[PDB]
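*Asks:* Here's a structure for you.
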Amino acid sequence: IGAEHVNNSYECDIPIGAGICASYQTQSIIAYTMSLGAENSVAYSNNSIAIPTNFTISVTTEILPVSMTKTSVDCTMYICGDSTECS
Amino acid sequence: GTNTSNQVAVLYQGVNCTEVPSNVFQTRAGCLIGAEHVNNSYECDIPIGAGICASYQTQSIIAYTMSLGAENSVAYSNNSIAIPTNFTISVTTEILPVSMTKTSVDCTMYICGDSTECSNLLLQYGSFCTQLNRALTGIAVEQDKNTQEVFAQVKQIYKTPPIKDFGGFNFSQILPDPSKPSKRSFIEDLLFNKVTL
Amino acid sequence: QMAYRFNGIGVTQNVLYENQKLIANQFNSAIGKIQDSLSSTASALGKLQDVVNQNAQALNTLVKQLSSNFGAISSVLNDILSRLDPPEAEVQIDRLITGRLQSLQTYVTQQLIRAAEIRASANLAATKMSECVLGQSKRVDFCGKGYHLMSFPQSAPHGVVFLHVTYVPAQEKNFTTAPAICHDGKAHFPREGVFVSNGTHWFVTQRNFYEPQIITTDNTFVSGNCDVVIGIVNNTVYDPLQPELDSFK
Amino acid sequence: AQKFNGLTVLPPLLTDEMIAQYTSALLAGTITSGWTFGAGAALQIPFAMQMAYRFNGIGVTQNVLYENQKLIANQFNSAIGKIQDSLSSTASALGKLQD
Amino acid sequence: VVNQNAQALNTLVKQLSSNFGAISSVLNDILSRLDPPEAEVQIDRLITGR
Amino acid sequence: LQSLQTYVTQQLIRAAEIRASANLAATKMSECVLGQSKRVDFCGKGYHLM
Amino acid sequence: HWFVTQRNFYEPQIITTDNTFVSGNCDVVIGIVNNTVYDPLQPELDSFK
Ligand SMILES: *[C@@H]1O[C@H](CO)[C@@H](O[C@@H]2O[C@H](CO)[C@@H](O)[C@H](O)[C@H]2NC(C)=O)[C@H](O)[C@H]1NC(C)=O
Ligand SMILES: *[C@@H]1O[C@H](CO)[C@@H](O[C@@H]2O[C@H](CO)[C@@H](O)[C@H](O)[C@H]2NC(C)=O)[C@H](O)[C@H]1NC(C)=O
Ligand SMILES: *[C@@H]1O[C@H](CO)[C@@H](O)[C@H](O)[C@H]1NC(C)=O
Ligand SMILES: *[C@@H]1O[C@H](CO)[C@@H](O)[C@H](O)[C@H]1NC(C)=O
Ligand SMILES: *[C@@H]1O[C@H](CO)[C@@H](O)[C@H](O)[C@H]1NC(C)=O
Ligand SMILES: *[C@@H]1O[C@H](CO)[C@@H](O)[C@H](O)[C@H]1NC(C)=O
Ligand SMILES: *[C@@H]1O[C@H](CO)[C@@H](O)[C@H](O)[C@H]1NC(C)=O
Ligand SMILES: *[C@@H]1O[C@H](CO)[C@@H](O)[C@H](O)[C@H]1NC(C)=O
Ligand SMILES: *[C@@H]1O[C@H](CO)[C@@H](O)[C@H](O)[C@H]1NC(C)=O
Ligand SMILES: *[C@@H]1O[C@H](CO)[C@@H](O)[C@H](O)[C@H]1NC(C)=O
Ligand SMILES: *[C@@H]1O[C@H](CO)[C@@H](O)[C@H](O)[C@H]1NC(C)=O
Ligand SMILES: *[C@@H]1O[C@H](CO)[C@@H](O)[C@H](O)[C@H]1NC(C)=O
Ligand SMILES: *[C@@H]1O[C@H](CO)[C@@H](O)[C@H](O)[C@H]1NC(C)=O
């Protein structure tokens, strides 16, 4: 409740489920079916080839974690709190 | 298996079995009864342990030592080579799971089942259920990422051309068929009818 | 494209063109055989069915634990609340709550472990997709047994199915071989392939397919005198320039 | 290990003899046929040519092997002996299994 | 990763304020108000939860 | 029962490490023994032969 | 003197048309040097006399 259903399709902003996603139109919340991507047909033939004539070099960034913070907890102090009888 | 026969064999693990009270065969994994020991060796049908496996002869159950495979000696020489003169192409199938069912469980209805006093007694235990719900949500959300990173590696949706002049190769069994309503391929359709809950 | 892919596995691109019909027929027969083998079940899809069974069985085991007693007089909470006074019902409600909470914690831990296992499998599947489908792998046994050519993906209810197309040699013959040829006191080595003989004459043939050629300066190179090489043989080499020079008369 | 008080250990399916036989078969295959047996039927070939192929794959021409076969064989033999000596010196390289 | 470690640590710290069916969540109050032969039955139920 | 459950959970955790190591060992066997890996530092330092 | 050698092992060869290929004039390449190259066909052409 509170979303408007539309005919169009775009990339998913907020996942809902079963192929439905929601986004902000910029000024109401709309719901739409996901669009998988642009559609085109390649010009296949049995005697045709395509050869590039120019090139561009590009740089991309990828990030990976390697470690996390080292922590230690004293069992007796946490459970009892320097308590003789509790210990 | 019941559909094959009704004869069964019983294995007592780790027992000398002189005190266990037909056929009685001693085995390093404990002796078994109802089986006949044989000289021959075959591939393992049912693993028992310590290199011993059992199978149905076809009308009796036999136990034998495993056979690793056929033995052959290559004709090695210091001036001899072997070169193939013909080739055969083959297709093999490999299957890998990618995701599992997404489930979510609430404490309050499971433990207390809408009882008010149970809910009052439950809240003094702290935040166990916040942790449980967070863990289940974290499990559920990463299932979609697994499907997202395996498929969807192509940016644009390419379509097959109308004419199938592929130099004599026939891809009709794997290309999608527009007539059948789910728009799946023949093999993909055959796959979905074989898995049941 | 087939000509490109044969070149990647160290086989010259020409041999495809004299055997295109045979390769196409073999491919079609292999596809039909995969279809028939998939029709005849041999527990091939067990890797998905077992996962479904372990999820369902764990869930169902979680369900039956709601009927456990855990030391109470009865497992039905409504009976407890409608049969006893609160200050004496509490000493039953607490233990029932503890039992149910422990069961839920165990279920959550098992799901946590299984999720990590499934995610590792999914990472492997994505790596194999990117490796075999969008390119031609060189690492062995990663996209099937034999020399990998291409792969095709198919959908599964909770996974993915790959169809690997590989190149396998079929039948072989054995010959006498030598590491180098000595002519005019100079050693000769092949640019590609090796020297083979049928007992009377020597030839040069491909790595993975028998196709003889006459030994020529074009496909051989010279490096030093031939006394140092162990096992060298004593045969001549042909040079195409001499007949052309003679014909210039 | 020991067994008592309701806990038992189970023998593995494959014994050490079968594992040793598998390793011996793999070693014989890789020293008598190169990489051919991994793809299909094993094809016999002399070892010097196989070393020449493996040299040719790392960007080094195969002619340098035949001109230096004795030196390479001696270096390999010395390296094998050094590896054999190193493990016998009670070095704690086996920590991973012991842990 | 940093947030998911920090939240787990904070939730671990906050669990020390739970009561677990005792008369008080502070152990000093438990051993300062009660005689130990009937105070151990109050201490143990905090110990188990922690 | 709590002690037994803790032991079972610890074994379940360690089994994943053992399986990952076994998968890595199998991959290394297949790539370095049955062929000639062109891949750096996967079958030892330097250019791999056999 | 200039030579041609392998990538990972020193083995100098005489620069020859047989192990080199030609592409474009030498005005665009930065750092090109000024040296001769050998052609093996000339002695054989001289041999026809
Ligand atoms: C190939 O692409 C490059 C850049 O991708 C082209 O170089 C540009 O050409 C335009 C044409 O007017 C200039 O305005 C730019 O200054 C050039 N450089 C850059 C960095 O954009 C080039 O012309 C293309 N064609 C060829 C044959 O190289
Ligand atoms: C190489 O193998 C192919 C098949 O693997 C052979 O082709 C068959 O040859 C037999 C011999 O008469 C024919 O009856 C079949 O019709 C052929 N085709 C098939 C699909 O079986 C071929 O003869 C073998 N030899 C060569 C040199 O190619
Ligand atoms: C989408 O378009 C169809 C006609 O093509 C129309 O009947 C339908 O109402 C549209 N959807 C919405 C939400 O208006
Ligand atoms: C039982 O075994 C027979 C004989 O092998 C086989 O034909 C049949 O398919 C099996 N299953 C059933 C349900 O009969
Ligand atoms: C079983 O017990 C008998 C009698 O004590 C003994 O002789 C025999 O060796 C035992 N079996 C084995 C495998 O040790
Ligand atoms: C198996 O063969 C051995 C001889 O190698 C023989 O002594 C033994 O009796 C045979 N087993 C059976 C069950 O006949
Ligand atoms: C491909 O195979 C199917 C099934 O055998 C057949 O119906 C179809 O005609 C074949 N395609 C061609 C181009 O022959
Ligand atoms: C070729 O292989 C066969 C089969 O092992 C062997 O008998 C023969 O000696 C080998 N050599 C020749 C020249 O036939
Ligand atoms: C070897 O091949 C040549 C090729 O022309 C042929 O003349 C000769 O007879 C062959 N020898 C044998 C022993 O087959
Ligand atoms: C091995 O090669 C040498 C020459 O390199 C030869 O004399 C010898 O006969 C060969 N070995 C056999 C068993 O033929
Ligand atoms: C090889 O042939 C040449 C030709 O004159 C001869 O001088 C030499 O002795 C031969 N060597 C062998 C090992 O047959
Ligand atoms: C770099 O090369 C240029 C010619 O290409 C030369 O003039 C210059 O001296 C070189 N740099 C140094 C530091 O020598
Ligand atoms: C290279 O040599 C040619 C030969 O005459 C000459 O014309 C040219 O100026 C020289 N270039 C340089 C940079 O020395």
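So you can find residues: chains in the structure tokens are A, B, ... in the order shown, residues in each start at 1, and ligands are numbered from 1 in order.
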With a cut-off of 12 Å and counting only C-alpha atoms, select all residues of chain A in contact with chain E and give the selection as a ChimeraX atom specification.

*Replies:* /A:64-73,75-87

*Asks:* Grab the residues selected above and save them as a short mmCIF file (atom, residue, chain, number, x, y, z; two decimals), in the first residue's frame with N, CA, C and O atoms.

*Replies:*
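Dumped everything to selection.cif:
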data_model
loop_
_atom_site.label_atom_id
_atom_site.label_comp_id
_atom_site.auth_asym_id
_atom_site.auth_seq_id
_atom_site.Cartn_x
_atom_site.Cartn_y
_atom_site.Cartn_z
N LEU A 64 39.05 -5.77 -1.45
CA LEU A 64 38.89 -7.02 -0.72
C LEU A 64 39.40 -6.87 0.71
O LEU A 64 40.51 -6.37 0.92
N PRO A 65 38.62 -7.28 1.70
CA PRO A 65 39.12 -7.27 3.08
C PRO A 65 40.10 -8.40 3.33
O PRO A 65 40.05 -9.45 2.67
N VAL A 66 41.00 -8.20 4.29
CA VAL A 66 42.03 -9.19 4.57
C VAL A 66 42.04 -9.58 6.05
O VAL A 66 42.52 -10.67 6.39
N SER A 67 41.52 -8.73 6.92
CA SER A 67 41.63 -8.98 8.35
C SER A 67 40.55 -8.21 9.09
O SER A 67 39.86 -7.36 8.53
N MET A 68 40.42 -8.52 10.38
CA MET A 68 39.48 -7.85 11.27
C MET A 68 40.16 -7.59 12.61
O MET A 68 41.27 -8.06 12.87
N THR A 69 39.48 -6.83 13.46
CA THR A 69 40.06 -6.40 14.73
C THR A 69 40.23 -7.58 15.68
O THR A 69 39.34 -8.43 15.80
N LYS A 70 41.37 -7.62 16.36
CA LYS A 70 41.64 -8.67 17.33
C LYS A 70 41.07 -8.28 18.69
O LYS A 70 41.41 -7.23 19.23
N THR A 71 40.19 -9.13 19.23
CA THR A 71 39.57 -8.87 20.52
C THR A 71 39.74 -10.08 21.42
O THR A 71 39.90 -11.21 20.95
N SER A 72 39.71 -9.83 22.73
CA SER A 72 39.80 -10.90 23.72
C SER A 72 38.90 -10.55 24.90
O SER A 72 38.83 -9.40 25.32
N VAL A 73 38.22 -11.57 25.42
CA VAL A 73 37.29 -11.41 26.53
C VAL A 73 37.68 -12.39 27.62
O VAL A 73 37.85 -13.59 27.36
N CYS A 75 36.77 -14.68 30.52
CA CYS A 75 35.53 -15.38 30.85
C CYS A 75 35.10 -15.13 32.29
O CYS A 75 33.95 -14.75 32.55
N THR A 76 36.02 -15.32 33.24
CA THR A 76 35.67 -15.19 34.65
C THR A 76 35.28 -13.76 35.01
O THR A 76 34.29 -13.54 35.71
N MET A 77 36.05 -12.79 34.52
CA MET A 77 35.76 -11.39 34.84
C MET A 77 34.43 -10.96 34.24
O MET A 77 33.67 -10.22 34.88
N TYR A 78 34.12 -11.41 33.02
CA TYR A 78 32.86 -11.04 32.40
C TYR A 78 31.68 -11.68 33.12
O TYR A 78 30.67 -11.02 33.39
N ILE A 79 31.78 -12.97 33.43
CA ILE A 79 30.64 -13.68 34.01
C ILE A 79 30.40 -13.23 35.44
O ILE A 79 29.26 -12.96 35.84
N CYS A 80 31.46 -13.13 36.25
CA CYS A 80 31.30 -12.93 37.68
C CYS A 80 31.61 -11.52 38.15
O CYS A 80 30.93 -11.04 39.07
N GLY A 81 32.60 -10.88 37.54
CA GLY A 81 32.98 -9.50 37.93
C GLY A 81 33.79 -9.49 39.21
O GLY A 81 33.35 -8.84 40.17
N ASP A 82 34.94 -10.18 39.21
CA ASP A 82 35.83 -10.20 40.41
C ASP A 82 35.01 -10.60 41.64
O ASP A 82 35.13 -9.92 42.68
N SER A 83 34.19 -11.65 41.52
CA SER A 83 33.37 -12.13 42.66
C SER A 83 33.94 -13.45 43.19
O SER A 83 33.90 -14.45 42.45
N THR A 84 34.43 -13.45 44.44
CA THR A 84 35.03 -14.68 45.03
C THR A 84 33.99 -15.81 45.03
O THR A 84 34.26 -16.86 44.42
N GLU A 85 32.86 -15.60 45.71
CA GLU A 85 31.83 -16.63 45.78
C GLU A 85 31.37 -17.05 44.39
O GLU A 85 31.20 -18.25 44.12
N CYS A 86 31.16 -16.08 43.50
CA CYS A 86 30.76 -16.40 42.13
C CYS A 86 31.82 -17.23 41.42
O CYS A 86 31.49 -18.17 40.69
N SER A 87 33.09 -16.89 41.63
CA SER A 87 34.17 -17.69 41.05
C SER A 87 34.19 -19.10 41.62
O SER A 87 34.49 -20.06 40.91
#

*Asks:* Do you know which residues are at most 10 Å from residue A:24 counting only C-alpha atoms, after dropping those on the same chain fewer than 5 positions away, and could you put them as a list in words?

*Replies:* residues 3, 13, 14, 29, 30 and 31 of chain A

*Asks:* Could the residues in this selection be written to a file with N, CA, C and O atoms, as a PDB file, in the first residue's frame?

*Replies:*
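Result file is out_5.pdb:
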ATOM      1  N   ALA A   3       2.181   2.603  -3.055  1.00  0.00           N
ATOM      2  CA  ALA A   3       3.025   2.631  -4.240  1.00  0.00           C
ATOM      3  C   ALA A   3       2.153   2.600  -5.486  1.00  0.00           C
ATOM      4  O   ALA A   3       1.100   1.955  -5.504  1.00  0.00           O
ATOM      5  N   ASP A  13      16.038  -0.639  -7.817  1.00  0.00           N
ATOM      6  CA  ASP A  13      16.570   0.262  -6.789  1.00  0.00           C
ATOM      7  C   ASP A  13      16.419  -0.379  -5.412  1.00  0.00           C
ATOM      8  O   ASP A  13      17.399  -0.543  -4.682  1.00  0.00           O
ATOM      9  N   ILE A  14      15.196  -0.745  -5.054  1.00  0.00           N
ATOM     10  CA  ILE A  14      14.889  -1.399  -3.785  1.00  0.00           C
ATOM     11  C   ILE A  14      14.200  -2.722  -4.095  1.00  0.00           C
ATOM     12  O   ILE A  14      13.094  -2.720  -4.652  1.00  0.00           O
ATOM     13  N   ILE A  29       6.457   7.306  -4.829  1.00  0.00           N
ATOM     14  CA  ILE A  29       7.020   5.961  -4.842  1.00  0.00           C
ATOM     15  C   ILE A  29       6.271   5.121  -5.867  1.00  0.00           C
ATOM     16  O   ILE A  29       5.037   5.040  -5.840  1.00  0.00           O
ATOM     17  N   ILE A  30       7.014   4.494  -6.775  1.00  0.00           N
ATOM     18  CA  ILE A  30       6.432   3.694  -7.844  1.00  0.00           C
ATOM     19  C   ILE A  30       6.959   2.271  -7.746  1.00  0.00           C
ATOM     20  O   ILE A  30       8.019   2.014  -7.164  1.00  0.00           O
ATOM     21  N   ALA A  31       6.201   1.338  -8.320  1.00  0.00           N
ATOM     22  CA  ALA A  31       6.579  -0.065  -8.385  1.00  0.00           C
ATOM     23  C   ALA A  31       6.557  -0.517  -9.836  1.00  0.00           C
ATOM     24  O   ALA A  31       5.656  -0.151 -10.594  1.00  0.00           O
TER      25      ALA A  31
END

*Asks:* Pull out every residue of chain D sitting within 9 Å of chain F, counting only C-alpha atoms, and send them as number ranges by chain.

*Replies:* D: 26-27, 30, 34-39, 51, 54-55, 57-58

*Asks:* From a DSSP calculation on the backbone, collect every residue of stretch 2-41 of chain G in helix (DSSP H, G or I) and output the set as a list in words.

*Replies:*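 Secondary structure check on stretch 2-41 of chain G, helix (DSSP H, G or I): residues 17, 18, 19 and 41 of chain G.
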
*Asks:* Find the residues around stretch 111-118 of chain C up to 7 Å (only C-alpha atoms counted), leave out those fewer than 6 positions away in its own chain, and share them as a ChimeraX atom specification.

*Replies:* /B:98-99,139

*Asks:* Collect all residues with atoms no farther than 10 Å from ligand 13, counting only C-alpha atoms and all ligand atoms, and output them as an mmCIF file with C-alpha atoms, in the first residue's frame.

*Replies:*
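This is the output file part-v2.cif:
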data_model
loop_
_atom_site.group_PDB
_atom_site.id
_atom_site.type_symbol
_atom_site.label_atom_id
_atom_site.label_comp_id
_atom_site.auth_asym_id
_atom_site.auth_seq_id
_atom_site.Cartn_x
_atom_site.Cartn_y
_atom_site.Cartn_z
ATOM 1 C CA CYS G 26 61.581 4.681 -39.018
ATOM 2 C CA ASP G 27 60.473 8.290 -38.418
ATOM 3 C CA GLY G 31 64.612 5.408 -29.793
ATOM 4 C CA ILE G 32 65.344 3.649 -33.084
ATOM 5 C CA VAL G 33 69.026 3.150 -33.923
ATOM 6 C CA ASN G 34 70.906 3.205 -37.216
ATOM 7 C CA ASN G 35 72.349 -0.198 -38.111
ATOM 8 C CA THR G 36 72.511 -2.549 -41.081
#

*Asks:* Using only C-alpha atoms, find which residues of chain C lie within 7 Å of chain D and jot them down as a list in words.

*Replies:* residues 145, 146, 147, 168, 169, 228 and 229 of chain C

*Asks:* Go ahead and dump the residues you just picked, C-alpha atoms, as a PDB file, in the first residue's frame.

*Replies:*
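Just written: part_8.pdb:
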ATOM      1  CA  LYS C 145      38.039 -34.156 -19.050  1.00  0.00           C
ATOM      2  CA  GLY C 146      40.263 -33.576 -22.058  1.00  0.00           C
ATOM      3  CA  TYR C 147      41.161 -30.492 -24.048  1.00  0.00           C
ATOM      4  CA  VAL C 168      39.809 -36.376 -27.135  1.00  0.00           C
ATOM      5  CA  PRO C 169      42.303 -38.358 -29.266  1.00  0.00           C
ATOM      6  CA  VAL C 228      77.174 -32.914 -28.774  1.00  0.00           C
ATOM      7  CA  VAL C 229      73.539 -34.044 -29.137  1.00  0.00           C
TER       8      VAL C 229
END

*Asks:* Using only C-alpha atoms, which chain B residues lie at most 7 Å away from chain C, written as a PyMOL selection string?

*Replies:* chain B and resi 79-100+111+139+146+149-150+168-170+188+191-192+195

*Asks:* Please find the residues of chain A near chain B - the criterion being any atom within 7 Å, counting only C-alpha atoms - and write them as a PDB file with N, CA, C and O atoms, in the first residue's frame.

*Replies:*
ATOM      1  N   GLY A  37      18.005  -5.667 -19.044  1.00  0.00           N
ATOM      2  CA  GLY A  37      19.045  -4.950 -19.754  1.00  0.00           C
ATOM      3  C   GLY A  37      18.588  -4.555 -21.137  1.00  0.00           C
ATOM      4  O   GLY A  37      17.475  -4.860 -21.566  1.00  0.00           O
ATOM      5  N   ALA A  38      19.480  -3.856 -21.834  1.00  0.00           N
ATOM      6  CA  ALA A  38      19.199  -3.437 -23.199  1.00  0.00           C
ATOM      7  C   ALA A  38      19.133  -4.644 -24.124  1.00  0.00           C
ATOM      8  O   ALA A  38      19.814  -5.651 -23.912  1.00  0.00           O
ATOM      9  N   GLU A  39      18.302  -4.541 -25.156  1.00  0.00           N
ATOM     10  CA  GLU A  39      18.079  -5.625 -26.102  1.00  0.00           C
ATOM     11  C   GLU A  39      18.599  -5.225 -27.475  1.00  0.00           C
ATOM     12  O   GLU A  39      18.321  -4.120 -27.951  1.00  0.00           O
ATOM     13  N   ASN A  40      19.349  -6.127 -28.105  1.00  0.00           N
ATOM     14  CA  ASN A  40      19.803  -5.932 -29.474  1.00  0.00           C
ATOM     15  C   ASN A  40      20.041  -7.290 -30.118  1.00  0.00           C
ATOM     16  O   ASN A  40      20.198  -8.306 -29.437  1.00  0.00           O
ATOM     17  N   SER A  41      20.065  -7.295 -31.447  1.00  0.00           N
ATOM     18  CA  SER A  41      20.316  -8.496 -32.231  1.00  0.00           C
ATOM     19  C   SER A  41      21.593  -8.313 -33.036  1.00  0.00           C
ATOM     20  O   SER A  41      21.749  -7.310 -33.741  1.00  0.00           O
ATOM     21  N   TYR A  44      24.369 -11.599 -37.562  1.00  0.00           N
ATOM     22  CA  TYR A  44      25.096 -12.810 -37.917  1.00  0.00           C
ATOM     23  C   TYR A  44      24.940 -13.125 -39.400  1.00  0.00           C
ATOM     24  O   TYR A  44      23.873 -12.928 -39.989  1.00  0.00           O
TER      25      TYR A  44
END

*Asks:* Please run DSSP on the backbone and report, as a VMD selection string, all residues within stretch 6-170 of chain B that come out as strand (DSSP E).

*Replies:* chain B and resid 10 to 11 24 to 25 32 to 33 36 to 37 46 to 49 52 to 56 61 to 65 80 to 97 157 to 159

*Asks:* Would you export the selected residues with N, CA and C atoms as a short mmCIF file (atom, residue, chain, number, x, y, z; two decimals), in the first residue's frame, please?

*Replies:*
data_model
loop_
_atom_site.label_atom_id
_atom_site.label_comp_id
_atom_site.auth_asym_id
_atom_site.auth_seq_id
_atom_site.Cartn_x
_atom_site.Cartn_y
_atom_site.Cartn_z
N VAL B 10 23.87 -57.95 8.29
CA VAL B 10 24.01 -57.22 9.55
C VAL B 10 25.48 -57.10 9.89
N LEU B 11 25.92 -55.88 10.21
CA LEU B 11 27.31 -55.59 10.55
C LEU B 11 27.39 -55.13 12.00
N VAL B 24 29.65 -66.34 8.80
CA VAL B 24 30.31 -65.37 9.67
C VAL B 24 31.69 -65.10 9.08
N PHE B 25 31.94 -63.85 8.71
CA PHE B 25 33.21 -63.43 8.13
C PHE B 25 33.81 -62.32 8.98
N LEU B 32 30.68 -59.34 9.95
CA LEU B 32 29.32 -59.24 9.43
C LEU B 32 28.79 -60.63 9.13
N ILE B 33 27.47 -60.78 9.22
CA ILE B 33 26.81 -62.05 8.98
C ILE B 33 25.87 -61.90 7.79
N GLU B 36 28.84 -63.70 1.93
CA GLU B 36 29.82 -64.69 1.52
C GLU B 36 31.09 -64.00 1.05
N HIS B 37 32.23 -64.43 1.58
CA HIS B 37 33.51 -63.89 1.15
C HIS B 37 33.97 -64.59 -0.13
N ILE B 46 28.69 -50.88 -2.11
CA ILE B 46 28.30 -50.39 -0.79
C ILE B 46 29.54 -50.39 0.09
N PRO B 47 30.02 -49.23 0.55
CA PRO B 47 31.23 -49.21 1.38
C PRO B 47 30.95 -49.74 2.78
N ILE B 48 31.80 -50.66 3.23
CA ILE B 48 31.71 -51.20 4.58
C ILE B 48 32.80 -50.57 5.44
N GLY B 49 34.02 -50.59 4.94
CA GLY B 49 35.15 -50.00 5.63
C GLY B 49 36.38 -50.89 5.53
N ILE B 52 36.82 -53.01 2.38
CA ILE B 52 35.85 -54.06 2.12
C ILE B 52 34.55 -53.43 1.67
N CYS B 53 33.96 -53.97 0.61
CA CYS B 53 32.68 -53.51 0.09
C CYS B 53 31.80 -54.70 -0.25
N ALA B 54 30.49 -54.47 -0.26
CA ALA B 54 29.51 -55.52 -0.48
C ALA B 54 28.62 -55.15 -1.66
N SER B 55 28.06 -56.18 -2.30
CA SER B 55 27.20 -55.99 -3.45
C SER B 55 26.29 -57.20 -3.61
N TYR B 56 25.29 -57.06 -4.47
CA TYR B 56 24.33 -58.12 -4.75
C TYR B 56 24.75 -58.84 -6.03
N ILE B 61 24.30 -62.09 -1.27
CA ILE B 61 25.09 -60.92 -0.91
C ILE B 61 26.52 -61.37 -0.66
N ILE B 62 27.47 -60.71 -1.32
CA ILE B 62 28.88 -61.09 -1.23
C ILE B 62 29.69 -59.90 -0.75
N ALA B 63 30.84 -60.19 -0.15
CA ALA B 63 31.78 -59.19 0.32
C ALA B 63 33.14 -59.46 -0.30
N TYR B 64 33.82 -58.40 -0.73
CA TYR B 64 35.07 -58.55 -1.46
C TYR B 64 35.97 -57.36 -1.18
N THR B 65 37.26 -57.56 -1.43
CA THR B 65 38.24 -56.48 -1.34
C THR B 65 38.13 -55.60 -2.58
N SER B 80 61.06 -44.54 -28.88
CA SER B 80 59.73 -44.85 -29.40
C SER B 80 58.73 -43.81 -28.93
N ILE B 81 57.84 -43.40 -29.83
CA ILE B 81 56.80 -42.43 -29.54
C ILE B 81 55.48 -42.96 -30.09
N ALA B 82 54.38 -42.47 -29.53
CA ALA B 82 53.04 -42.83 -29.97
C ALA B 82 52.26 -41.56 -30.30
N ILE B 83 51.63 -41.54 -31.47
CA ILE B 83 50.92 -40.36 -31.95
C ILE B 83 49.53 -40.75 -32.42
N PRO B 84 48.48 -40.07 -31.95
CA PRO B 84 47.12 -40.41 -32.39
C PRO B 84 46.89 -40.05 -33.85
N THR B 85 46.00 -40.80 -34.49
CA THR B 85 45.66 -40.59 -35.89
C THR B 85 44.18 -40.26 -36.10
N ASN B 86 43.39 -40.23 -35.04
CA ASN B 86 41.96 -39.93 -35.15
C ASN B 86 41.52 -39.31 -33.84
N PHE B 87 40.37 -38.64 -33.88
CA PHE B 87 39.87 -37.91 -32.73
C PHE B 87 38.37 -38.09 -32.61
N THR B 88 37.87 -37.95 -31.38
CA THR B 88 36.45 -37.98 -31.08
C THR B 88 36.12 -36.86 -30.10
N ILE B 89 35.04 -36.15 -30.36
CA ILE B 89 34.59 -35.10 -29.45
C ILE B 89 33.48 -35.65 -28.57
N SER B 90 33.43 -35.16 -27.33
CA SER B 90 32.49 -35.69 -26.35
C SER B 90 31.93 -34.54 -25.52
N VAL B 91 30.77 -34.79 -24.92
CA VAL B 91 30.08 -33.82 -24.08
C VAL B 91 29.88 -34.44 -22.70
N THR B 92 30.20 -33.68 -21.66
CA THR B 92 30.04 -34.13 -20.28
C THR B 92 29.22 -33.10 -19.51
N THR B 93 28.59 -33.56 -18.43
CA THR B 93 27.70 -32.73 -17.63
C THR B 93 28.22 -32.60 -16.21
N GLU B 94 28.25 -31.36 -15.71
CA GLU B 94 28.63 -31.07 -14.33
C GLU B 94 27.57 -30.18 -13.70
N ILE B 95 27.21 -30.51 -12.46
CA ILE B 95 26.09 -29.88 -11.77
C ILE B 95 26.59 -29.27 -10.47
N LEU B 96 26.19 -28.02 -10.20
CA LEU B 96 26.58 -27.31 -8.99
C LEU B 96 25.41 -26.53 -8.42
N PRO B 97 25.15 -26.64 -7.12
CA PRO B 97 24.10 -25.82 -6.51
C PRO B 97 24.56 -24.39 -6.28
N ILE B 157 21.09 -8.15 -23.56
CA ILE B 157 20.35 -9.37 -23.87
C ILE B 157 20.43 -9.57 -25.38
N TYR B 158 21.25 -10.53 -25.79
CA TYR B 158 21.39 -10.85 -27.21
C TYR B 158 20.31 -11.85 -27.63
N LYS B 159 19.83 -11.71 -28.86
CA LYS B 159 18.83 -12.63 -29.39
C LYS B 159 19.43 -13.51 -30.48
#

*Asks:* For residue B:127, work out the shell of residues within 9 Å, counting only C-alpha atoms and skipping chain neighbours fewer than 2 positions away, then give it as a list in words.

*Replies:* residues 123, 124, 125, 129, 130, 131 and 132 of chain B; 11, 14, 15 and 18 of chain E

*Asks:* So which one's closest to chain G, D:23, D:32, D:50, D:56? Using only C-alpha atoms, please.

*Replies:*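 That would be D:56, the residue with the smallest distance to chain G.
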
*Asks:* Near chain D, which residues of chain G fall within 12 Å when you count only C-alpha atoms, and what do they look like as a PyMOL selection string?

*Replies:* chain G and resi 5-11

*Asks:* Expressed in Å to a single decimal, how great is the separation between atom CA of residue B:75 and atom 1 (C, counted along the ligand's line) of ligand 8?

*Replies:* 7.4 Å

*Asks:* Show me which residues line ligand 5, defined as having an atom within 10 Å of a ligand atom where only C-alpha atoms and all ligand atoms count, and present them as a PyMOL selection string.

*Replies:* chain B and resi 15-19+26-28+30-31

*Asks:* When the cut-off is 12 Å and you count only C-alpha atoms and all ligand atoms, which residues lie near ligand 9, shown as a VMD selection string?

*Replies:* chain C and resid 175 to 176 196 to 203 211 to 214
